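First chain written, first letter: the chains are A, B, C, D, E, F, G and H, and each begins at residue 1.
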Amino acid sequence: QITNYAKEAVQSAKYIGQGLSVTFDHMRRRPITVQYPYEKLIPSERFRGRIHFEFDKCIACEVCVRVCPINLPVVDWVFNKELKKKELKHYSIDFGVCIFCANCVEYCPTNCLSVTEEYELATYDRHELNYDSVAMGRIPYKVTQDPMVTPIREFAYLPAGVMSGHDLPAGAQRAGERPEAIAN
Amino acid sequence: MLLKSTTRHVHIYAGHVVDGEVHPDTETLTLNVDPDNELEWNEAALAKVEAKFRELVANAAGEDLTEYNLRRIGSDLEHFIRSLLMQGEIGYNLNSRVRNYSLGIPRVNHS
Amino acid sequence: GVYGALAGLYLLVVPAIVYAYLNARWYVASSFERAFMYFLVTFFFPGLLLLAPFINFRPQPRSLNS
Amino acid sequence: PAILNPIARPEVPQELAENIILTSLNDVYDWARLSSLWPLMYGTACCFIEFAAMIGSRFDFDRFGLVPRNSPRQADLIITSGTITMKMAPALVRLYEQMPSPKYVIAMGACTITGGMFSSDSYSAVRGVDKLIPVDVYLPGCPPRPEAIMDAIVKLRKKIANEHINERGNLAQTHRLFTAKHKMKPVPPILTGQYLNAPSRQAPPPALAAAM
Amino acid sequence: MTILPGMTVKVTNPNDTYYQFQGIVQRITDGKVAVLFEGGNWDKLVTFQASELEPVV
Amino acid sequence: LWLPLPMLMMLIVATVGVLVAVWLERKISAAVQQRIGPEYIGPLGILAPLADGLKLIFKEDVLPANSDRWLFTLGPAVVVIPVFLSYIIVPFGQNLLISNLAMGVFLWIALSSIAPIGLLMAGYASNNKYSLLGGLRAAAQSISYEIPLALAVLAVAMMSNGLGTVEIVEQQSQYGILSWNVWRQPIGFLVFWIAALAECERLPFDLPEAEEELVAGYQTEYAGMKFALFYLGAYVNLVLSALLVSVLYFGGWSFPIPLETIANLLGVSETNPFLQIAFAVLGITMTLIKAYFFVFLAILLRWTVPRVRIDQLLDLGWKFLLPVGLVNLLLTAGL
Amino acid sequence: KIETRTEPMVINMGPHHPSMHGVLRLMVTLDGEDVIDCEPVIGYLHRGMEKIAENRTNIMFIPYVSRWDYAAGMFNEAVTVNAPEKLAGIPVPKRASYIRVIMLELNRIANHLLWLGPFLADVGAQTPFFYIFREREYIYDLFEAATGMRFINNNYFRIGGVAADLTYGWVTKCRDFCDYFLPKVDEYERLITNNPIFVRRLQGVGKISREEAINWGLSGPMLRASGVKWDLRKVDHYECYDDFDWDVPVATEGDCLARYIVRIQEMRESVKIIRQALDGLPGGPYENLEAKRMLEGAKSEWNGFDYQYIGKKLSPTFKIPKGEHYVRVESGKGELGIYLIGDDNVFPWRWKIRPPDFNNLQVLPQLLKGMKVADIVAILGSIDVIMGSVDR
Amino acid sequence: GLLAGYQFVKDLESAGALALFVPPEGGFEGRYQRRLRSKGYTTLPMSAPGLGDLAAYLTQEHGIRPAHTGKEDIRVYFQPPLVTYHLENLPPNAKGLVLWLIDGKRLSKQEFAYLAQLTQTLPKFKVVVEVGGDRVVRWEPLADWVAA
């Protein structure tokens, strides 16, 4: 009646008041966001960006092909029966077909293939992703050595205690390789 | 229902086009080759596929009206449109705003 | 409407001060300064829309001391 | 012949002349399109979580200007996010045909470029979405990082600023229509909209429930 | 000290995430040197700025 | 061609009033999710309302296949003309009024009644099944929140002895902040504010179809310049409804003596050239300090409440906001 | 043009589907407000996964498998490497056994954090969607440290154990996260359990009893919210989950409110298994294990067959032996299983994935029997559905 | 600044090999391949990491090996050399073409000078190798950049 609609409404007229001051207190916090072209995020030590190649190390034995998920890396090789060894002449991994699973870099004894860190490889034509053996053998792009990036670190690379990579003036990873070599 | 087969170079519909709004029929098949203009055509090869379009509709005129059969025709036109390019009859467009060369790259014959 | 005396006080000279104020204390300003910061933009907006493509807030290039 | 898949020579001269003002009013056209292109909220396979992570907090989507709109009429950009099979192939070209005319598809992931791990032997995956729609910017990676999808938008903003205002006649589709009459026998549809109240679920059939 | 393709170097500087890892150098360039780290399973090579790398005998 | 000076100066502050409310939507709603917002365009996002609307012009505003042609185009032109005509009411400033109509808070509720036809001739004409289901639902939502909003203005017209919107805000100019109508009508203001928020804001609207009762609402098959009238014509009503809150209840152009310390949302010194222009334009526009607090509130209230469904949206307007709208009118009378 | 008839209106939910669980197509039909029939048209994302597996070796297939349950990731690599390691009798080192448990429990936390985002948006509150992906990027960067990718495509599980051991500052970096996140599981529980509007959207909405939820074939937090208490980690004594104490969360009500509180208490129970596995890891952290391999480098208690990350690094030409199999893993959506039968060559003869989200989906037409239109997505979201596991 | 004239057109015909330092978000690079293209110069935007040894790709015919994926043989697609093939198509009623390389900061220093000493030895042909990042787009010849 006239004695209910000003008391059956305060049950939710004050729930928004304890919902407004909660959401309004999210604006006081620092905006956790990683602006890409100006603050690139440093990848991990095991991140699999794209493949690096050394031309004078792969003696044409195609274990890069036999453990590939889709038999991708194109090994163009002759038998070369004059010098009693097989030597290749081309090595092309079609990116775009290339998932970055890195089975070639695991099953190799001679340590030829290797993963870089770059990922910003986004062209205008798919046939420009057929990286040649001298086009995979170029230098990586390191996100620290660029005079526009302010390269912030990742989680599990901050020091122990902090869960943000923005306002970090110094520090390192939260463990040491050899503290316990001269101690124990 | 408007059963159809929409690939990039081939848009086979089941029905005749009456000024943009397609009406689904039971007898006819509309085909427009290259709605996006990726291949620059000419006078002859726009009439060469009619020797393959009207062949494939007539030769396969004993099967059902499913979109599996409208696709099975369109997968043979787009394998005839490619055989025009590997014979060098038509060529890619260069006024086109995209340049991905979806039917293979330009390459010379025997090195 | 004043022809050129009071209009330039609203359109040009005071919004050029806010753009210096917007660059300096925007991310490091407190919980009280940020709410006042949104009021000057919602008031000098026909002033700040004029000198919009002349000032770029892109960060300064680093020196690479390492 | 001489060259397999030859390139047709431009016989049109492309007299694209203007003064300073009409290329100043072309800078306003090209800036206002690259700076606020709205993506269609499209996602099929695993490379939607990589793109849904970019909508969120750690990487801001709407920082370059990209407000995602979930209908093809309002949106213009479409990020081909995940594997397209033989089904979802005509449901995507229908999603591409119903957009206003400066569209700019980008591809995304290894499966819309070549059909990444489904190129060797899959009986229903369209190997690459350039078999269906014209792609502006490719993007390999499996999945691409959410820092790398904002790289392909950076490459796409370099493609909008190249676009000329008076070359808008190629932004409309052409009509090379033909018409042939078939002799195929029409069939009734398979998937009508009844699952529960179909008269095949309520009771077991005779000559089989005896030994049941 | 000049670093030839085949020496065993390690990073020294503390303001970098690749902080004390050692690995074999590969593919020196005009101003940069790449070091194949071989960290655990997948050997990842990261460039460096032709300095800050104390070699190991 | 608009030889009236007051009529052009109002059409600009009804045009820059949209771009404030679009930019404020993309920065307040990006503050409450801890992200930047649109950077990289303008300084910090100032050209995001310009560039979002300028790209809507340059797109092919194409029709669907089998649609009505004269009602598709006239669809958005009935939603946005009465919310643009009803800016002729709001008298921001002591020395500014465009037209002193002898009514006008009744002409505003009259003109805001034509907008359910604009959602009907757009939901019908776009001609798919999910825009009749969305058009008949969007039309049946401005219906229910219109009688509560017209009774909030009945109470504040009883106290004001008129409908002239200068004579309303002149009754609150005798005591500065003691005689604002919010202090005397604290239950008819929430009836105004909940109903006005339920006719133009983005929390009780079926346009984001994450609930999938329809496809994407009634503006699904719209594109281009027609879609810009449904999009940059929704914030025209968010500003006008927020203006009329700060005209009816909160006193338009009313405030005490400004001679205070530096804590008055201004600079540092007392008599600078910077406070004389923060006073004189405030001696021209005092209401759009208040009117951009409820636009700040309506954006912030979008993320505060959950998305109430349409089954409980019309169980709020008819069953709650209208009986409270009645007993407020009797309590504003004697009884 | 559209006409207004008195027949039941059938609407097409569309394979566009602007949501974060893939591509269905529901031809649901309406009778004013209550739906009366609903057929799911699935198979839009059938990329031919059982036909691929007949022409792959095992180590060529582990990159393929984290795409079925692509919300989780390495829940699918666990089943694939457990097809011949449980058949050829390859012994797993116990440090790798406790390393897998840390990854599988970190996936289940990241599994329920992808379900919770779109689900809370479907039933109401839209702003906690962005504060939940912020909690998901902490689990991504932990997987990014040990494995080289964020959430899928991490060839980390092997037939002989795990691929490689962890990084250095890792165990102290869960202890930051997995002791910060646990105050927030109790935060998401108070959104739906309090605020009596969301319980007016979930009480009795999509109910199923116990006996029909076992008959229809259901597993995971659709089965356990039907009062069944069947969890495959306790049932099948699987990979050192029996060395910990933990509970199986049951809520015997059946409604969609019962599936919220199971999937919240499986986040909280997964943090308890993490804290006991980090403290029970047999060599401790890796920055302390490699030191003890340096100070006593000849032969110690360390460098055993346990305290290492793999038993024997297997050849790429590893033949799956002859004999059938069915390997069960309680995934984040239900029970995930493969049916391997192999000849003695390097390829299997048949690889029948039993998806945990396939057999939870067939009750969705039965659950949508008399339910309104406004709670169609609250039923569809509450199955923890992922299209890609359904369609394979 | 804001209103750009046509100084970028005359700077490319003068130097022959430019080097653009654009903001790293893109969008303002391409307003200078429009004034370049309004003055008759066609533009072929390639990719800089995708190009192999530029002797074998720009002026020589190169064997692009396709992805055989285990279900083919090792094919070799001998593409024609790009600069001489895209110049023979263009009639002499227009000017030459440019090579607007993007992501040019990952070319080696030897391959910068080879793109510098080739644009003079080839008539009516230029390169605009977009390299580096800056707050404002500004250009300089490649002759000064390789000596920097």
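By definition in this document, a residue touches a chain if its C-beta (ideal position, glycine included) is under 8 Å from a C-beta of that chain, and two chains touch if they have at least 3 such contacts.
Engineer: Of the chains present, which has its C-alpha mean closest to the combined C-alpha mean?
Structural biologist: Answer for the innermost chain: D.
Engineer: From the centre of subunit E, which chain's CA centre is farthest?
Structural biologist: Taking each chain's C-alpha mean as its centre, the farthest from subunit E is F.
Engineer: Can you work out the whole-Å distance between the CA centroids of subunit C and subunit D?
Structural biologist: 40
Engineer: Could you put a whole-Å number on the gap between the CA centroids of subunit C and subunit G?
Structural biologist: 49
Engineer: Taking each chain's centre as the mean position of its Cα atoms, how many Å separate subunit B from subunit H?
Structural biologist: 35
Engineer: Where the CA atoms of subunit D average out and where those of subunit G average out, how many Å apart are those spots?
Structural biologist: So the centre of subunit D lies 30 Å away from the centre of subunit G.
Engineer: Could you tell me which residues belong to subunit E and also touch two or more other chains?
Structural biologist: Within subunit E, the residues that touch at least two other chains are 15-16, 29, 40-42, 49.
Engineer: Can you list the subunit F residues in contact with two or more other chains?
Structural biologist: Expected reply: 28, 30, 32-36, 39-40, 47, 50, 66, 209, 215-216, 303.
Engineer: Which positions in subunit C are in touch with at least two other chains?
Structural biologist: 53, 56, 58-59, 61, 66
Engineer: What is the complete set of touching chain pairs?
Structural biologist: A-B, A-C, A-D, A-E, A-F, A-G, A-H, B-D, B-F, B-H, C-E, C-F, C-H, D-F, D-G, D-H, E-G, E-H, F-G
Engineer: Which residues, counting only subunit A, touch subunit G once they are in their complex?
Structural biologist: 15, 23, 32, 43-48, 63, 66-69, 99-103, 107, 115, 154-161, 163, 173-181, 184
Engineer: For a test of understanding, state which residues of subunit D touch subunit H in their complex under the given definition.
Structural biologist: Within the complex, subunit D contacts subunit H at residues 3, 7, 9-11, 13-14, 16-18, 20, 23-24, 26-27, 30-31, 34-35, 64, 114, 119-121, 154-162, 164.
Engineer: Taking the complex as given, what residues does subunit G use to touch subunit D?
Structural biologist: On the subunit G side, the touching residues are 10, 15-16, 18, 20, 22-23, 27-29, 36-41, 43-48, 51-52, 55, 63-64, 67, 70-71, 114, 129-131, 133-134, 136-137, 149-153, 365-366, 369, 388.
Engineer: Would you pull the subunit B residues touching subunit A in the complex into a rising list?
Structural biologist: Subunit B reaches subunit A through residues 99-101, 105.
Engineer: Can you tell me which positions in subunit G touch subunit E when the two form their complex?
Structural biologist: 148, 163-165
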